[PDB]
């Protein structure tokens, strides 16, 4: 059935914080790995972080570790991405994506692999205003 929807975008100052949410429908959250992907204009899509279909393993990108924290609430079918120490270079369109493949995001890697089922985008801007 229907799938994912992201909320929590907006504008921040450099060094601020923000928490992105990802509502899940049409499947069991314990069957899919959910990842966060951002895409800045003029740049290729960049993977940020993923959660395993089980929830025991989390991977992040090098430019992210120590700042963004991915979290999951299986009772709400909702996945979170707590974005802290926000740099103006984190301005992009963030997507939460699910993938029904066994073993995704289980390995300890600095690279999050692209998923298959995507959702509507969200706009995250950060600059002085």
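Numbering follows the first chain given and starts at 1.
- Averaged over their C-alpha atoms, the temperature factors of 91 to 99 and 36 to 44 are higher for 36 to 44.
- The deposited model assigns a higher average Cα B-factor to 59 to 67 than to the other stretch when 78 to 86 and 59 to 67 are compared.
- Residue 125: CA B factor lies in the lowest third for its chain, per the PDB record.
- Annotation for residue 18: C-alpha temperature factor in the highest third relative to the rest of the modelled chain, per the entry.
- In the PDB entry, a CA B factor belonging to the middle third of its chain's modelled residues is recorded for residue 104.
- Compared with the other modelled residues of the chain, the Cα B-factor recorded for residue 52 ranks in the lowest third.
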